[PDB]
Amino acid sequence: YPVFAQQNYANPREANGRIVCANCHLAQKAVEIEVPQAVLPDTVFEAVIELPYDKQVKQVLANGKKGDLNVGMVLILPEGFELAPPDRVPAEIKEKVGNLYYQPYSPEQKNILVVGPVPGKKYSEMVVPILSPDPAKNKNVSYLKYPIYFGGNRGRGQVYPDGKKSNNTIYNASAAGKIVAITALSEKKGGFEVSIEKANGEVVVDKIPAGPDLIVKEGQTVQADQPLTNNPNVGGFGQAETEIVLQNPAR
């Protein structure tokens, strides 16, 4: 979740421009963002983001069951830009925003906003109220064309903060050998146990949680790291970059 990024990465955007969500949300899926080409200083504007996907397709949940997807994002704005205060957000805009609670990536990064998890059904499109800075009061900001970086995700990740794989990813053979057995993990607790008899005769047992479907058969020989299941993931992460000009007014 955005909280996983926050708790494990001080900067959500890596040197090459990759947003850290990608370190765990391994599938790529297009997203979009639009902001006005230009805005006056100390003015509230809207950032409209889209995280499209097929609402009819459900995902594997942590409990192994199928369910709806949820969305989240991280928006990296120029230094000085901030989430617009509620007292600066017009009712018409609060209406478009809805019941969302944008938060700064950290108290020391008010220019980086996150939100989520929130229902994909209702928030595949979101509006972010942003307050532009004033170069006349903030020496760290100028009347320039500034880049804006966006990262948007839908669906559960493939790996956890501890490095363990979630049940929403591909599982591969720990060793090469003949599959001598495939046992159902339980009755309520789905999953499987794949026994691989190595060339030396030792048997290893690979545990596979419920979620992914097996693509291997008993008696089948597999190579080490060969996929033993398909990929159950139906979600993905996408990035988009845009820009905005902080106008320099004067009459």
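Counting begins at 1, following the sequence as shown.
- Query: Looking at the deposited entry, does 118 to 126 or 146 to 154 carry the larger mean Cα B-factor?
  - Reply: Looking at the recorded C-alpha B-factors, 118 to 126 comes out higher on average.
- Task: On mean C-alpha B-factor from the PDB entry, just flag whether 190 to 198 or 38 to 46 is the higher one.
- Result: Higher of the two, by average CA B-factor, is 190 to 198.
- Sort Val60, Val31, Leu69, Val203 by C-alpha B-factor from the entry and give me just the highest. Most elevated C-alpha B-factor of the set, per the entry: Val203.
- Task: By the entry's C-alpha temperature factors, tell me which of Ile170, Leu131, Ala175, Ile76 sits highest.
- Result: Answer, based on the entry's C-alpha B-factors: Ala175.
- Task: Give the position of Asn111 by CA B-factor within its chain, expressed as the lowest, middle or highest third.
- Result: Its C-alpha B-factor belongs to the middle third of this chain's values.
- Third of chain Cα B-factors occupied by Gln103: As the PDB entry reports it, the C-alpha B-factor of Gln103 lands in the middle third of its chain.
- Query: Lowest, middle or highest third: where is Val159 by Cα B-factor in its chain?
  - Reply: It falls in the bottom third of the chain.
- Task: Please rank the C-alpha B-factors of the chain's modelled residues and tell me whether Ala240 sits in the lowest, middle or highest third.
- Result: Lowest third.
- Task: Place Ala10 in the lowest, middle or highest third of its chain's C-alpha B-factors, as listed in the PDB entry.
- Result: Its C-alpha B-factor belongs to the middle third of this chain's values.
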